[PDB]
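Novice: Sequence lines, in order, name chains A, U, E, Z and Y. Numbering of the first sequence is given in full-length UniProt numbering, commencing with residue 2 and proceeding in unit increments. Numbering of the second sequence is given in full-length UniProt numbering, commencing with residue 80 and proceeding in unit increments. Numbering of the third sequence is given in full-length UniProt numbering, commencing with residue 2 and proceeding in unit increments. Numbering of the fourth sequence is given in full-length UniProt numbering, commencing with residue 2 and proceeding in unit increments. Numbering of the fifth sequence is given in full-length UniProt numbering, commencing with residue 2 and proceeding in unit increments. A virtual CB, placed ideally from N, CA and C, is assigned to each residue, including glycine. Before anything else, here's the structure in question.
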Amino acid sequence: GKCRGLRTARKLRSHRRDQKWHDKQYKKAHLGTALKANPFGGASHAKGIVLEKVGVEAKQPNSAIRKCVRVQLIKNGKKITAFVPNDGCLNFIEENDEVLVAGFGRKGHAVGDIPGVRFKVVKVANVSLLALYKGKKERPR
Amino acid sequence: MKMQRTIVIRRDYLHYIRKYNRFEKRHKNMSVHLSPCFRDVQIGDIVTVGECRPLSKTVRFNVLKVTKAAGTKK
Amino acid sequence: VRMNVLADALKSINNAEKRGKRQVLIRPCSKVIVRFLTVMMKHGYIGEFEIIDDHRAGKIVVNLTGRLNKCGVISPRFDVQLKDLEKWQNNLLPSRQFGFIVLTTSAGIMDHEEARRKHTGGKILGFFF
Amino acid sequence: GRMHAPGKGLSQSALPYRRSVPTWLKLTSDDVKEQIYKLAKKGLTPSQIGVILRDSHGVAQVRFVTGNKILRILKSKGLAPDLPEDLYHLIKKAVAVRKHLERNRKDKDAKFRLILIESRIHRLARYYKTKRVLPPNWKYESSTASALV
Amino acid sequence: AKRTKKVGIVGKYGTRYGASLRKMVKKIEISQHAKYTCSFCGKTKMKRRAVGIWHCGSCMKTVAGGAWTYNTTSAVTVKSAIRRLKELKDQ
RNA sequence: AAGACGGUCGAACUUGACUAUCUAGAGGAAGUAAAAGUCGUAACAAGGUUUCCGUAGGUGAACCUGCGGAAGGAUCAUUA
RNA sequence: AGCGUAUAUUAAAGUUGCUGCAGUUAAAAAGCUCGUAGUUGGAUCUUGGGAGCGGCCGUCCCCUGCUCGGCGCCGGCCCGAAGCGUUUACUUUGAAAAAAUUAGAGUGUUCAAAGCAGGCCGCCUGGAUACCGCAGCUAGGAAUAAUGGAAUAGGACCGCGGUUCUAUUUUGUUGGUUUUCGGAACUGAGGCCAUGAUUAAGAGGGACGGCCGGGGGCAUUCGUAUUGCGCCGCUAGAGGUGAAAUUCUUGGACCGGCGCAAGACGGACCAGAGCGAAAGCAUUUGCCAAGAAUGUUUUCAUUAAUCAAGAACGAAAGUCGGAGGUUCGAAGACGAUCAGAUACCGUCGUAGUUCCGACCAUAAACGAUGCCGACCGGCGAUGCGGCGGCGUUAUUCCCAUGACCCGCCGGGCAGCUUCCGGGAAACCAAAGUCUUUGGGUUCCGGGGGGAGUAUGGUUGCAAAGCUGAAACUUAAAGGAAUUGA
RNA sequence: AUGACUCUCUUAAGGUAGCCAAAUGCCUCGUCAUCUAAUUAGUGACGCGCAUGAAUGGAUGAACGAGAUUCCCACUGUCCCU
Numbered sequence: 002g003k004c005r006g007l008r009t010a011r012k013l014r015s016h017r018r019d020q021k022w023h024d025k026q027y028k029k030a031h032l033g034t035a036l037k038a039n040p041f042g043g044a045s046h047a048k049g050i051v052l053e054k055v056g057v058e059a060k061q062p063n064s065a066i067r068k069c070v071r072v073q074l075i076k077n078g079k080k081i082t083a084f085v086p087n088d089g090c091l092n093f094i095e096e097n098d099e100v101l102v103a104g105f106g107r108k109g110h111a112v113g114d115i116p117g118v119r120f121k122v123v124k125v126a127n128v129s130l131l132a133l134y135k136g137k138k139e140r141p142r
Numbered sequence: 080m081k082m083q084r085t086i087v088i089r090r091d092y093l094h095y096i097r098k099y100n101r102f103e104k105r106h107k108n109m110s111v112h113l114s115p116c117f118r119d120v121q122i123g124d125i126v127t128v129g130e131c132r133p134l135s136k137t138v139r140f141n142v143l144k145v146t147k148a149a150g151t152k153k
Numbered sequence: 002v003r004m005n006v007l008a009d010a011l012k013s014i015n016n017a018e019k020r021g022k023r024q025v026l027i028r029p030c031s032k033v034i035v036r037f038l039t040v041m042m043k044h045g046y047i048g049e050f051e052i053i054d055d056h057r058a059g060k061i062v063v064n065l066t067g068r069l070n071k072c073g074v075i076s077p078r079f080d081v082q083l084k085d086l087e088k089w090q091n092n093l094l095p096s097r098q099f100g101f102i103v104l105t106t107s108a109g110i111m112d113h114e115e116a117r118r119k120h121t122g123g124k125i126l127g128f129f130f
Numbered sequence: 002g003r004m005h006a007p008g009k010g011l012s013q014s015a016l017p018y019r020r021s022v023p024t025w026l027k028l029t030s031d032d033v034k035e036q037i038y039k040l041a042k043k044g045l046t047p048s049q050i051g052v053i054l055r056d057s058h059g060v061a062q063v064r065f066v067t068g069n070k071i072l073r074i075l076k077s078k079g080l081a082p083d084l085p086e087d088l089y090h091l092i093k094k095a096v097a098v099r100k101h102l103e104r105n106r107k108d109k110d111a112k113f114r115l116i117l118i119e120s121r122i123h124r125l126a127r128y129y130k131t132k133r134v135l136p137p138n139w140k141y142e143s144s145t146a147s148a149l150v
Numbered sequence: 002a003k004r005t006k007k008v009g010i011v012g013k014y015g016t017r018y019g020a021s022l023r024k025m026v027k028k029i030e031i032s033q034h035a036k037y038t039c040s041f042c043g044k045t046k047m048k049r050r051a052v053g054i055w056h057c058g059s060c061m062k063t064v065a066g067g068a069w070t071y072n073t074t075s076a077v078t079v080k081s082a083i084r085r086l087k088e089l090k091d092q
C-alpha cells in the first residue's frame with residue numbers, strides 16, 4: 002500500500018480495478034474474445050464429424066510423424082485438427098466416423114512436439130477407444 | 080432557493096469500505112419546502128427538517144428552523 | 002512540512018538507540034509525546050527525562066536505556082474495538098511473553114494490558130517492545 | 002522551502018525568552034501612540050514603521066511595550082489602509098512586469114515570472130475572504146489594476 | 002454564441018479563392034480596419050482613409066504611416082537611427 | 001336487444017432512419033512457423049569507417065549520409 | 001469400493017500487494033514548471049488534595065444549576081418526580097433483529113452421518129445459549145479528531161423609568177372603567193466583570209539593508225581569420241593522399257604587399273568554477289524589469305504540502321512568407337576503392353546552415369535515480385553571504401575600504417575516508433533508518449514476441465503527436481558477477 | 001514457373017515520383033472482378049504502356065456548370081395500338 006490516508010478508500014479502490022485489467026490470467030478471463038475464438042465455445046467436451054486422416058510432423062530435436070485427424074464439430078460447424086493417442090489406434094477411425102473430442106492438458110496450450118494441436122479423443126461412437134486398445138469391446142458390422 | 084416556495088439542501092457523510100479499513104465521502108441532495116414565515120434564509124444556513132406526506136413527486140420535507148451561518152452579522 | 006509530530010520523535014529515539022547516545026534531544030514537543038514517554042518510563046524501557054520550556058514549544062532530553070530494540074508508530078490512528086485488539090497484538094508485538102501497544106481512551110492514554118481491565122477500546126498511537 | 006523557486010533557505014529573527022520591558026526605555030505605552038499615528042499619516046506601511054522605531058527610538062518589541070500589535074492601533078481609529086500591505090505590493094510588482102511585456106514582446110522569461118505573481122495574489126486573496134477583510138465579490142483584474150499602484 | 006470556428010472577417014468570402022489565401026487575407030483585412038490611439042490627443046480613434054494615409058477624427062491631425070498599419074516596422078527604428086546620427090556629429 | 005356517430009385505451013400489418021453481432025470479396029499487403037534454396041554480411045573484440053537516441057534525405061537488401069545529443073566508450077588522468 | 005481423464009473455480013501468489021511487493025542497470029518515474037477537484041495538514045485552555053479500604057504502595061467516593069411530592073427537619077435546608085441544560089465522529093452498555101444453515105450445551109441412533117428426542121418398577125425430565133457487517137433507536141466516558149462564542153461591542157449578570165396588546169386573583173344581581181396582577185413587543189438613562197485580542201513554529205507569505213551570478217530582453221563597440229575583388233612583385237607548377245586522379249595554372253595558379261568588401265564564429269584566459277523552472281547561457285559600454293542566498297529583538301498570523309482536468313516554456317532536425325547568402329553541407333554529378341560499393345576517403349554543390357515574423361511538441365529532453373518533511377559518521381578542498389582574529393601589502397597621512405593569512409555560521413556544486421546501514425552485485429552517507437513490515441502525496445510495471453501494429457476518437461498546413469486493442473505465437477528472453485577460449 | 005543476383009554493348013543522360021485499354025493503348029469487343037434474364041456499354045483493380053509522365057507541368061480536390069458519360073426511384077401517348 003502507498004496512499005495511506007484515512008478517507009482515501011476510493012482513490013485506493015479505483016486504482017486496483019484499473020490495474021487488474023493488466024493481469025492476464027484475468028483479462029483473458031474478463032473480455033468476450035476468449036470465448037469468441039474457442040472451438041468448444043465454453044465446454045469440456047464436444048462431438049464431431051471426422052473427415053480425413055492426417056499425419057503431422059514433429060518439431061526438433063525430436064522427429065517422428067504424428068497421427069492426427071481433422072474433425073468438423075456439430076454446434077458451431079467448425080473444423081479442428083485433433084490427435085489420436087495410443088499405438089495402432091488410427092486403424093480404428095474410419096473416415097467420417099464420429100468422435101468425442103476433449104481437451105489435452107493445459108487449456109489452450111499444446112503438448113510437446115506437435116504444433117497447433119490442442120485437442121484429442123476419448124470415444125468413437127458410444128464406446129471408448131481406450132477399451133478398443135485393450136480389446137474389452139469390439140466394433141459393430 | 081430558486082424554485083418558488085422551496086429550496087434544495089446538501090447532506091454529507093461517510094461510508095465504511097471494509098476491505099481497506101477506511102472511508103470515502105458521499106453526498107445526497109434533497110429538495111425542501113421553505114415556507115415564507117422564515118422570512119430570511121441564504122445558501123449555507125443550516126436547516127432542520129422533518130418527514131411529512133408527499134407535497135409533490137419529489138417533496139416529502141418541511142422546514143422547522145433556521146440555524147444561521149457563522150460570522151454573518153453585518 | 003512537518004505534518005505529524007509523534008513520529009518525528011519516535012524514530013529519533015530508536016535511531017539514537019541503534020547508534021547509542023547517553024541521551025537524545027527531540028525537537029517540537031506535545032502533550033501526546035511527553036504522555037507516551039511517561040507510559041514507557043512506567044515499564045522501564047527508558048529512564049527519567051527533562052522537558053525544556055522555551056516559549057514556543059518545548060524540547061525534551063530523554064535518557065535512553067539500552068533496553069529498546071525499536072519504537073514505532075501507526076498512522077493514521079485507526080478506530081479499534083474490544084473485539085478487534087487480539088489481531089493487532091497478534092500481528093504487531095513480537096512474543097506472547099513481552100510487548101505493549103499504546104492507544105488513547107476517554108479514560109486516558111495507556112497500554113493494552115490496562116484497557117482490557119477497564120474494558121475500553123478507542124484509537125491507536127504506536128507500540129513498544 | 003520557498004513557495005515559488007528551489008531555495009531551501011533559512012534566516013530569521015529570534016525573539017528572547019523574558020517578555021517584560023527593558024530599563025532605559027522610559028517611553029510610556031500612552032506616550033508612544035502619538036509616534037505610531039504620525040509615521041502612519043505619511044504613506045508608510047506598519048512594517049516600515051516597525052523599523053524606524055527599532056533603530057532610532059530603541060525598543061525591544063512594540064507589542065510588549067503596549068498591549069496590542071501595530072495593525073490594531075492604526076485601524077480601529079481611522080489611519081490605516083483598506084487593502085493589506087502585502088497584497089498592495091504583489092499587485093504593484095504585477096504592474097511593473099506585464100508593463101515590461103509591452104515593448105519587449107519576446108522577453109520570454111518575464112512571462113514565466115508573470116505566471117507566478119498572479120498565482121500569489123489570487124492565492125493571498127482567497128485566504129483574505131475566509132477571515133473576512135475583503136468584500137467577497139472582489140477581483141484582481143490587471144485591466145483595472147493600474148489604478149491602485 | 003460564437004458564429005465561426007476559424008474564419009475571421011473572411012466569412013465574407015465563403016468557399017472562394019482557396020484556403021491559404023483566405024488565411025493570408027485574414028492577417029491584413031483585420032489590421033487595416035482597426036482603430037489606434039492618437040498619440041497627440043490620447044483618444045482611441047486613428048483610422049485609415051486610404052492607402053497609407055491616416056486621420057484622427059477628434060483633433061483633425063493627419064499622418065503618413067504604412068499602407069495597412071500605422072507604423073511601418075523599420076520606420077520605427079528609422080526614427081531611432083536618425084535620432085542616433087544626431088549624437089555622432091553634434092559632440 | 002340488434003346497430004350508428006363521438007371519445008379513450010389500442011394490438012397488428014406498410015413505409016422510412018437509428019443501432020448491435022456475425023458474413024461474401026478482383027486486387028493490395030502485415031505478421032508467424034516449417035532439416036540440406038539464392039544474393040550479401042549490418043551486428044557482438046578499436047567486428048575491421050566506435051555503438052546507440054531523436055529527426056530529415058538516399059539505397060537491390062541487411063542498412064547509409066546530414067545536423068544536435070548521450071557513454072549504455074576504446075579516456076575517471078597529461079604536467080608554466 | 002473404488003480409481004483415472006477433460007473443463008469451471010479457490011488455496012498455493014507478499015505473481016495485485018489494505019494487512020503486504022515493486023520502479024540506477026532485470027518490466028517500469030510525465031522534457032520542465034504552475035493548477036482546480038481530490039487526499040493530507042505545528043504547538044496552546046483542569047491541574048491537586050481531603051477523608052474511606054486492608055498489606056509509603058494499590059483500589060473507591062466527594063470537583064453548572066434553577067414547580068410539585070417524601071427523609072423529615074424548622075416561609076428557610078436534604079431528597080424523588082414535571083420539564084431542560086454548542087453540535088458532530090469515536091467509544092461501553094441497553095432495546096429491536098423470522099426459520100433452516102453455521103458455532104455450541106445435553107441425550108449410547110448398537111458406532112458415525114445424523115435427529116429432538118428420552119429416563120425411573122403411573123411418574124420425573126428437554127426441546128438450551130452464542131454469532132447475526134453497514135444504517136437508525138437508547139443510556140454512560142470526554143482522553144483523541146472536527147464546529148462554534150465578546151471588536152464600528154448590535155457583548156454577559158444585575159437593578160430602575162415610561163409606552164402599547166391584555167386570561168381575571170378583585171368591585172353580592174344588571175350596565176363600565178381605570179383599579180390589582182401576570183403575559184407579549186418595543187426602548188432611554190445607568191451601575192457592575194481583573195470587562196473581552198494564546199503564541200510568534202530551526203512552517204509560509206511580504207517589507208527593508210549592502211552585496212552576487214556566461215540568469216532574460218533592446219540598442220551599441222571590438223577582434224583576427226575564412227571567402228570574393230583591386231592593383232604591385234617574381235616565376236613554374238599548385239591542390240589532394242595509404243598511393244593516385246577528378247580539379248586550378250605563361251589567359252600569371254601558389255607564396256609575398258598595400259588597400260576594400262561582406263557573411264559567419266567569439267580562440268587561448270575556461271576550472272569536476274558560476275546562474276537559470278527545463279531546454280540552456282562566454283566580445284566593450286548604456287539602459288529595463290526580474291532572482292537565490294545571507295543579514296533582521298522589523299510586519300501578517302496558519303495564509304501551507306502533493307496534485308485527476310485545464311494552462312506557460314520547451315535542443316537539433318522539419319514547415320509557411322519575407323530579408324540574407326562567407327563557410328560548411330542531406331539530395332545530385334564525377335575521381336579513386338573493391339570480386340560488386342548506389343559505403344569510408346577525394347573535387348565540386350542544391351535544400352539547409354544565419355536574421356525578423358508564426359507553426360510543430362519530440363531526443364540516451366540522463367544522475368537511465370518523484371517533490372516537501374525528520375533523523376544517522378570522519379576529513380581536504382571549493383563558491384556566495386555574514387561574523388571573530390595575530391602579521392605582511394596598497395592608497396602615505398592614516399580613518400576604513402581592496403589585496404594575502406587562520407577559524408566560526410548559513411544556503412550551493414562536487415570530493416575523499418570507514419564493518420551507520422543496505423543490496424542480486426556493480427555499488428549507494430543514500431539506493432540508509434524495511435517480517436524490528438504504517439511521516440504526507442502524485443505518476444507507473446505484472447513472462448517473451450505479435451506491437452506502439454489494426455481501428456476508432458482526438459490535434460496539425462504537412463510530416464507526424466496524445467490516446468490505443470485482438471487472433472494468433474512460445475520455456476525462455478533477461479540482470480550482475482566467475483573461470484576459460 | 002519465377003526471377004532478388006551476374007555479366008555485356010552503348011550514348012549528352014538513357015523514364016525518377018506518381019498515374020492507365022483513359023477526352024491518350026494499334027493488336028482490341030486486352031483479361032480477372034462488379035451492375036443485367038442477356039451488356040463492343042459504366043464503374044473497381046491488374047501494366048506488358050504501338051506513341052503516359054512532371055510551370056512544354058505531374059498527381060489530388062469543397063463549391064460551381066444551358067459542358068461529355070453510366071445506372072437506380074419518381075413520372076408519362078416514346079412504344080404495345082391507336
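#1: Indicate whether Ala95 (chain Z) and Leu102 (chain Z) have their beta-carbon atoms separated by less than 9 Å.
#2: Do you know how far the Cα of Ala76 (chain Y) is from the Cα of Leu89 (chain Y)?
#3: Hey, quick one: how far does the beta strand (DSSP E) through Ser110 (chain U) stretch, first residue to last?
#4: For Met82 (chain U), report the span of its beta strand (DSSP E) as first-last.
#5: I want to verify the contact list: residues of chain A whose CB lies under 7 Å from the CB of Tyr92 (chain U), in sequence order.
#6: Is the number of C-beta pairs between the segment 142 to 151 of chain U and the segment 107 to 114 of chain U that are closer than 8 Å three or more?
#7: In terms of residue numbering, what span does the alpha helix (DSSP H) encompassing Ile74 (chain Z) cover?
#8: Quick check: what's the CA-CA separation for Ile81 (chain A) versus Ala59 (chain A)?
#9: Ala47 (chain A): buried (16+ other C-beta within 10 angstroms of its C-beta) or exposed?
#10: For a contact defined as C-beta to C-beta under 8 Å, what are the partners of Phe102 (chain U) on chain A?
#11: Under a Cβ-count criterion, where at least 16 other Cβ atoms within 10 Å of its own Cβ denotes burial, should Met80 (chain U) be classed as buried or exposed?
#12: Shortest alpha-carbon distance to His106 (chain U) belongs to which of U:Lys98, U:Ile125 and U:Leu93?
#13: Compare the C-beta of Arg14 (chain A) with all C-beta atoms of chain U and state if any pair is closer than 9 Å.
#14: Name the residue from E:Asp80, E:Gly109, E:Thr106 and E:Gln90 whose alpha carbon lies nearest to the alpha carbon of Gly100 (chain E).
#15: From the beta carbon of residue 61 (chain U), is the nearest beta carbon of chain A less than 9 Å away?
#16: My output table needs one value for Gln20 (chain A): the three-state DSSP class, helix, strand or coil.
#17: What is the DSSP secondary structure of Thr16 (chain Y), reduced to helix, strand or coil?
#18: So for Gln61 (chain A), helix, strand or coil by DSSP?
#19: Just confirm the distance between the C-beta atoms of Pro40 (chain A) and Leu74 (chain A), as a whole number of angstroms; I'd bet it's less than 8 Å.
#20: Have a look at U:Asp124, U:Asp119, U:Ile86 and U:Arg118 and flag the residue whose alpha-carbon is nearest the alpha-carbon of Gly150 (chain U).
#21: Which first and last residues belong to the alpha helix (DSSP H) in which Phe65 (chain Z) is found?
#22: Candidates Z:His5, Z:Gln36, Z:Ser143 and Z:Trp139: which alpha carbon is nearest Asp83 (chain Z)'s?
#23: Taking the beta strand (DSSP E) that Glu99 (chain A) belongs to, which residues open and close that run?
#24: DSSP on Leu104 (chain E), reduced to helix/strand/coil?
#25: Quick check on this structure: which residue in A:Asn77, A:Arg67 and A:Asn63 has the alpha carbon closest to the alpha carbon of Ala38 (chain A)?
#26: Taking the C-alpha atoms as reference points, what is the distance between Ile53 (chain E) and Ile92 (chain Z)?
Specialist: Taking the definition as stated:
#1: Sequence index remark: in the fourth sequence, residue 95 (chain Z) carries index 94 (1-based). Sequence index remark: in the fourth sequence, residue 102 (chain Z) carries index 101 (1-based). No.
#2: The residue given as residue 89 (chain Y) occupies position 88 in the fifth sequence. The residue given as residue 76 (chain Y) occupies position 75 in the fifth sequence. The alpha-carbon atoms of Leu89 (chain Y) and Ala76 (chain Y) are separated by roughly 20 Å.
#3: If you number the second sequence from 1, residue 110 (chain U) lands on position 31. Here the beta strand (DSSP E) through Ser110 (chain U) covers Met109 to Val111.
#4: One-based indexing of the second sequence puts residue 82 (chain U) at position 3. Careful: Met82 (chain U) lies outside any beta strand (DSSP E) and carries neither H nor E.
#5: Residue mapping note: residue 92 (chain U) aligns to position 13 of the second sequence, counting from 1. Against chain A, the beta carbon of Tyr92 (chain U) has no neighbour under 7 Å; the closest one sits roughly 12 Å away.
#6: yes
#7: Mapped onto the fourth sequence, residue 74 (chain Z) falls at position 73. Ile74 (chain Z) -> alpha helix (DSSP H) spans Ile71 to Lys76.
#8: On the first sequence, position 80 is the one that residue 81 (chain A) refers to. On the first sequence, position 58 is the one that residue 59 (chain A) refers to. When rounded, the distance between both Cα atoms is 18 Å.
#9: Translated into positions along the first sequence, residue 47 (chain A) becomes position 46. Per the 10 Å Cβ criterion, buried.
#10: Taking the second sequence and counting its residues from 1, one reaches residue 102 (chain U) at position 23. Those within 8 Å of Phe102 (chain U) in chain A are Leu7, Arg8 and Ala10.
#11: Numbered from 1 along the second sequence, position 1 holds the residue referred to as residue 80 (chain U). With fewer than 16 other Cβ atoms within 10 Å, it is exposed.
#12: As a working mapping, residue 106 (chain U) is identified with position 27 in the second sequence. If you compare the alpha carbons of U:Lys98, U:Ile125 and U:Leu93 with that of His106 (chain U), the shortest gap goes to U:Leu93.
#13: Looking up residue 14 (chain A) in the first sequence gives position 13. Closer than 9 Å: yes.
#14: Looking up residue 100 (chain E) in the third sequence gives position 99. Of E:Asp80, E:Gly109, E:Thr106 and E:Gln90, the residue nearest in Cα terms is E:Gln90.
#15: In the structure displayed, chain U extends from 80 to 153; residue 61 (chain U) sits before or after that span and is not available.
#16: Numbered from its first residue, the first sequence carries residue 20 (chain A) at position 19. Here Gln20 (chain A) sits in helix by DSSP.
#17: If you number the fifth sequence from 1, residue 16 (chain Y) lands on position 15. Coil at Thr16 (chain Y), not helix or strand.
#18: For the purposes of this step, residue 61 (chain A) is identified with residue 60 of the first sequence, where counting begins at 1. Looking at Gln61 (chain A) - three-state DSSP - the assignment turns out to be coil, as it is neither helix nor strand.
#19: Position 39 of the first sequence, counted from the first residue, corresponds to residue 40 (chain A). Position 73 of the first sequence, counted from the first residue, corresponds to residue 74 (chain A). Indeed, because the Cβ distance is near 7 Å, the residues count as touching under 8 Å.
#20: Walking along the second sequence from the start, residue 150 (chain U) turns up at place 71. The shortest Cα separation from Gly150 (chain U) among U:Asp124, U:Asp119, U:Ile86 and U:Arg118 belongs to U:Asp124.
#21: For the purposes of this step, residue 65 (chain Z) is taken as residue 64 along the fourth sequence, with counting starting at 1. Counting along the chain, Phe65 (chain Z) sits inside the alpha helix (DSSP H) bounded by residues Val63 to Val66.
#22: The count along the fourth sequence starts at 1 and reaches residue 83 (chain Z) at position 82. Per the Cα distances, Z:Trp139.
#23: On the first sequence, position 98 is the one that residue 99 (chain A) refers to. Segment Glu99 to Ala103, the beta strand (DSSP E) holding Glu99 (chain A).
#24: Position 103 of the third sequence, counted from the start, is the residue given in the question as residue 104 (chain E). Residue state, collapsed to three classes: strand.
#25: Along the first sequence, read from residue 1 onward, the residue named residue 38 (chain A) stands at position 37. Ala38 (chain A) has its Cα closest to that of A:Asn77, out of A:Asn77, A:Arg67 and A:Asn63.
#26: The sequence position of residue 53 (chain E) within the third sequence is 52, counting from 1. The sequence position of residue 92 (chain Z) within the fourth sequence is 91, counting from 1. Whole-angstrom Cα-Cα distance: 44 Å.
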